[PDB]
Protein chains: 2
Amino acid sequence: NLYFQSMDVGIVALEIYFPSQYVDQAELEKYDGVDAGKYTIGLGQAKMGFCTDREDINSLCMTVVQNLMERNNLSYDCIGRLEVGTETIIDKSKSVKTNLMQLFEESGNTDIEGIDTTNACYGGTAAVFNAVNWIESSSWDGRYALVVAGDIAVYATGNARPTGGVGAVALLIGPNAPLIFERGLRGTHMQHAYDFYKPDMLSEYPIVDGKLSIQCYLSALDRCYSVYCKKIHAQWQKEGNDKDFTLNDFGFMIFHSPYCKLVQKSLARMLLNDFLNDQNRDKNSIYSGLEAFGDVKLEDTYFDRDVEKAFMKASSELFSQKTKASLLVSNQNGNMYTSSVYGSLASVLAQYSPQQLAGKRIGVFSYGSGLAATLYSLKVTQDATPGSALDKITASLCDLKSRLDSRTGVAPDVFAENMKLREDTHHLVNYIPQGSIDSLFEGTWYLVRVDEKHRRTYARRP
Amino acid sequence: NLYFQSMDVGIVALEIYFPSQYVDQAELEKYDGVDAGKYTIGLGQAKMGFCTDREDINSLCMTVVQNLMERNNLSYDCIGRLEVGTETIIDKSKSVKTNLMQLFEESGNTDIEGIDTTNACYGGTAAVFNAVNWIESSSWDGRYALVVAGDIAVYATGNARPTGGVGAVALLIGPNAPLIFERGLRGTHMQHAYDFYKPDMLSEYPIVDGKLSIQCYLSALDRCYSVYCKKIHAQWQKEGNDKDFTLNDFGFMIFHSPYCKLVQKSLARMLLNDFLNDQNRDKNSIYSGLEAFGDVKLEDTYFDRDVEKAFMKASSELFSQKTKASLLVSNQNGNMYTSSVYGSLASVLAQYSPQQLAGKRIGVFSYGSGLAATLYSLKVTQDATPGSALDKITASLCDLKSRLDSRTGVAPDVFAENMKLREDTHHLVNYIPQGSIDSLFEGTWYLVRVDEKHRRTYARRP
Ligand SMILES: CC(C)(COP(=O)(O)OP(=O)(O)OC[C@H]1O[C@@H](n2cnc3c(N)ncnc32)[C@H](O)[C@@H]1OP(=O)(O)O)[C@@H](O)C(=O)NCCC(=O)NCCS
Ligand SMILES: CC(C)(COP(=O)(O)OP(=O)(O)OC[C@H]1O[C@@H](n2cnc3c(N)ncnc32)[C@H](O)[C@@H]1OP(=O)(O)O)[C@@H](O)C(=O)NCCC(=O)NCCS
């Protein structure tokens, strides 16, 4: 109670990994023969990262883990919990976490709690919560928790294909952190839904109910925001503060980003929530011109274009200040599934100084289809001095745009053939990848071979 | 540290579910045309539970959860964490947890942390630890944690098939419990191994390296017990107690049970550890006659039959007192994968009075191939009085043997055809199970249909 208060448990370090090639969305429009703007404006997407046959879920996760450890000058004996959130499943029993133990062998540190945890795009967040809970528990042994969220997002040909991507994020979690989980403020919602699911074991691709997935994302947002607000209101009331939480109480607001347009719609949806919750709508200058919508219900408006147009316009400045910068990775790389929202976090840390971040609340909406969601928040430390934790974490990401721009664009036809071959190779054993090793970023782990018994071997590109 | 001391976090209720049919191992021997005793003595197995087409991982988990909630007169509003451990994967994205939310819709309690967590036979224990950590964290909100471990264990034709099984266990976890997690005593070991894994997406069956699987189990046991002993020694020493931990410090010792014989070997393996760790072996009467093995090394004796024979004989009384009773569910139902060790816990609770359990330490070895393992312990309350929580939890399981005996034996050829049809139905969509609803135990959830879009619908047998 005062024990938890001392700890300031949070994110101490954040490492992001994405492959060295992408397909350009304007080029993909031409290739797919669609009208100009359908992807770049309609979806709001510029470039989509993809993998050659040299990278898989294990190599992505090994890559981001080792890059974090080296960047941060960490011994492998300083990790007490290691866990993977993913929905890229290449083995139904053997966890990615057990594969990652290869990296820990030389240290002899094998007493490391955690395995893998999966529900669509939400597994990273699940692992984060497990890590925080563990640090705060009787079982914490003074060591860091390490969370890895990683995924390869690929869709069948059609209108979902432009919304894939690939990436991994590693989060080092411990006490006295610069980005502190705001205690007791997890607004969670889970529900039995078939919006997006992967029951077809013969294919890498999901079954997607596109329209239902949008409705589920938005209804989950409504519910999570309401639970989050109820929880903060109760804390505030104890402290003698009877005000209502609104978007202005977030300094930044980040989202799981399937594509940028939905995120812009989602911030507008949060404003609509604020609007409906304020009994003094018609006397607040923030809501000027929205009087025609005073009586609408959330459940009736998931696809109401009038409400949408009005609230996107009314939230444009809030979107620019709180959310637009967070979309760097999404716009330039696509949907990284479990790591997407953490890519949005990385994007904020990459583009704002410690002084611009100090003391701010970062709202985090994490969604996974099926469905599981939580809106939670982080509080940034007030220490923005040089050499501070906040300075180190921002300095660790300030080259993010430059890293993204160092990738190579690949023509849509070449990308398309990569996808086709990936399908064809999906169940294959006794094979050796043919993709370039040299084109991988420095320090990237890659697949060497899959043997006749499905066992995989990895090596590190120097 | 006084915050965690007050809590006495532990298991407050334990529900087990198994299907209503099994195949008899003596009949299976005759069917497979093997020598009499191969299964019943060699593996130590009497009966193996199996499912008709009416049950799947979702239905098993729904069944055990709702049975627990009803037995215990619990509101669905009193659950704050719900998580599933399993390795029975019928969807690569959509968690069993999200399916379970069907049961919580009526109450409106959707703010429930947790999803699914997987590594082979270990996922149940991972979820247990997540639940305990959560209760002890800043995020606990006063509600119970509920953990569900469930699986369908099936092997291809051959020497592994008699070691399958099926079942689920739900554990209700909260403060001031009758079975208390002994704090700070998790002896964990994880390692990158290919002993048993499920990379073949076209088949329900695992790739098993049988010999490697036994070696990995035993080496993991050695390491886990060593870490466990190191941790408890430090704890005792801070309290003023300098004694070495031995098997006599466990009142009961329970194990993940792939088959009973390996559990018997495993207790013997633990006594071999005690033997080698004891500097006065030759003066202690339990080790009398074992002087020839004084200089052996653990890593050289995984399949040494002389060591095995000697330590099996020497540990026979310890086995009878601490472990034999725990194998009721394993012997009568087979390997339940993630729930196997919790079935062994259930078996101890089913067969011992509160007075016989009171104050005792229950050692718990949980293993999952790949591999992840932990040896931990529970402490039973000293309160064995009439109407006590210990009275309550034992009373909830004392009909376990009669429940097992109420099942129907099915002939091996019928069992074989069930398995064959299961393989053939594995990827099928747009189908309606043909198995009997009336033969299911009262209150069992079952599969109604899998539609053309792979969506599954369930109903409950009254
Ligand atoms: C998201 C998804 C459903 C969209 O597919 P779609 O709706 O068939 O694609 P459409 O092209 O019809 O419409 C998408 C946008 O492009 C706009 N658009 C279409 N052509 C355009 C053009 N030439 N220029 C500019 N915009 C254009 C549409 O108006 C729409 O935007 P709006 O809602 O702001 O008006 C599909 O990508 C998908 O299923 N993705 C995977 C699941 C997912 O990401 N779900 C999100 C919730 S998790
Ligand atoms: C466990 C497993 C490896 C055993 O298969 P197997 O070794 O081919 O079966 P075997 O018959 O050779 O040996 C099993 C036992 O039966 C004994 N046995 C064989 N015939 C017998 C008979 N007619 N009467 C009595 N015992 C007999 C063997 O001696 C052996 O026991 P022992 O080690 O105490 O001497 C196999 O069932 C398997 O792969 N299971 C799945 C993996 C698993 O559960 N692993 C455990 C670790 S997780």
Side-chain angles (χ1 to χ4, degrees), chain A residues 29 34-45 120-121 153 155-156 158-165 195-196 206 208-218 220-221 255-266 268 303 308 312 334-335 337 340 367-371 373, chain B residues 29 34-45 120-121 153 155-156 158-165 195-196 206 208-218 220-221 255-266 268 303 308 312 334-335 337 340 367-371 373:
Chain A
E29 289 172 357
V34 297
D35 287 351
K38 190 188 178 72
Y39 309 155
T40 63
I41 300 171
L43 302 172
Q45 292 308 121
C121 298
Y155 291 93
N159 280 6
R161 181 157 285 189
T163 69
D195 55 322
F196 166 121
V208 188
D209 188 340
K211 181 177 181 289
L212 186 60
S213 72
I214 294 171
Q215 180 166 326
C216 286
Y217 185 107
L218 290 178
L221 180 55
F255 299 80
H256 171 61
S257 187
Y259 49 100
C260 289
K261 174 68 72 61
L262 187 51
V263 178
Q264 191 194 356
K265 294 196 187 204
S266 293
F303 299 99
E308 180 193 279
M312 282 165 87
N335 184 356
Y337 285 173
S340 185
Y367 180 81
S369 288
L371 67 84
Chain B
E29 286 169 355
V34 309
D35 285 321
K38 195 174 165 86
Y39 309 155
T40 63
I41 298 176
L43 307 170
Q45 285 312 121
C121 304
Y155 293 92
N159 284 355
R161 177 163 284 191
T163 71
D195 56 320
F196 165 119
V208 181
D209 188 340
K211 193 172 185 299
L212 191 58
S213 76
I214 293 159
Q215 177 172 306
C216 283
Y217 188 99
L218 294 180
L221 183 46
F255 295 90
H256 171 59
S257 180
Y259 52 100
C260 291
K261 177 68 73 64
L262 180 60
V263 176
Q264 197 192 349
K265 296 198 180 198
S266 296
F303 299 102
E308 177 175 283
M312 281 179 90
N335 185 358
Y337 284 172
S340 178
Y367 179 87
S369 291
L371 62 88

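Excluded from the calculations below are hydrogen atoms, water molecules and symmetry mates; all remaining heavy atoms, backbone and side chain alike, are included. A, B, ... follow the sequence lines: proteins, then strands. Residue 1 opens every chain. Each ligand, and each atom within it, is numbered from 1 in the order the structure gives.
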**Item:** For B/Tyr155, the ligand 2 atoms whose distance to one of its heavy atoms is below 4.0 Å
**Value:** 41 (C)
**Message:** Is there a polar contact, in the sense of an N or O pair closer than 3.5 Å, between B/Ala36 and ligand 2?
**Reply:** yes
**Fill in**
Smallest heavy-atom separation, B/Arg161 atom then B/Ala156 atom, equals CB-O, 3.7 Å
**Prompt:** Less than 3.5 Å between some nitrogen or oxygen of A/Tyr259 and one of ligand 1, yes or no?
**Reply:** no
**Asked** Which bit of B/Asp195 gets closer than 4.0 Å to ligand 2, counting heavy atoms only: side chain, backbone, both or neither?
**Response** neither
**Request:** For B/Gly42, take its heavy atoms, then give the atoms of ligand 2 lying under 4.0 Å from any of them.
**Result:** 15 (C), 16 (O), 17 (C), 18 (N), 25 (C), 26 (N), 27 (C), 31 (O)
**Item:** Per-residue contact class, B/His256 against ligand 2 - non-hydrogen pairs under 4.0 Å
**Value:** neither
**Message:** Applying a heavy-atom cut-off of 4.0 Å, say which part of B/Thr163 lies close to ligand 2: side chain, backbone, both or neither.
**Reply:** side chain
**Prompt:** What atoms of ligand 2 come closer than 4.0 angstrom to any heavy atom of B/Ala160?
**Reply:** 37 (O), 38 (C), 39 (O), 40 (N), 41 (C)
**Prompt:** A/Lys265 near ligand 1, heavy-atom distance under 4.0 Å?
**Reply:** yes
**Prompt:** Quick one: which of B/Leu218, B/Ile214, B/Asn159 has a heavy atom closest to atom 5 (O) of ligand 2?
**Reply:** B/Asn159
**Request:** State the OG-CG distance between A/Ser340 and A/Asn335, to the nearest 0.5 angstrom.
**Result:** 5.0 Å
**Request:** Determine whether the side chain, the backbone, both or neither of B/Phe196 has a heavy atom under 4.0 Å from any heavy atom of ligand 2.
**Result:** neither
**Asked** Hey, which atoms in ligand 2 end up nearer than 4.0 Å to a heavy atom of B/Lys261?
**Response** 31 (O), 32 (P), 34 (O)
**Message:** Quick check on contacts: which atoms of ligand 2 are under 4.0 angstrom from a heavy atom of B/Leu262?
**Reply:** 46 (C), 47 (C)
**Request:** Find all atoms of ligand 1 within a distance of less than 4.0 Å from any non-hydrogen atom belonging to A/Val208, and give their numbers and elements.
**Result:** 39 (O), 42 (C)
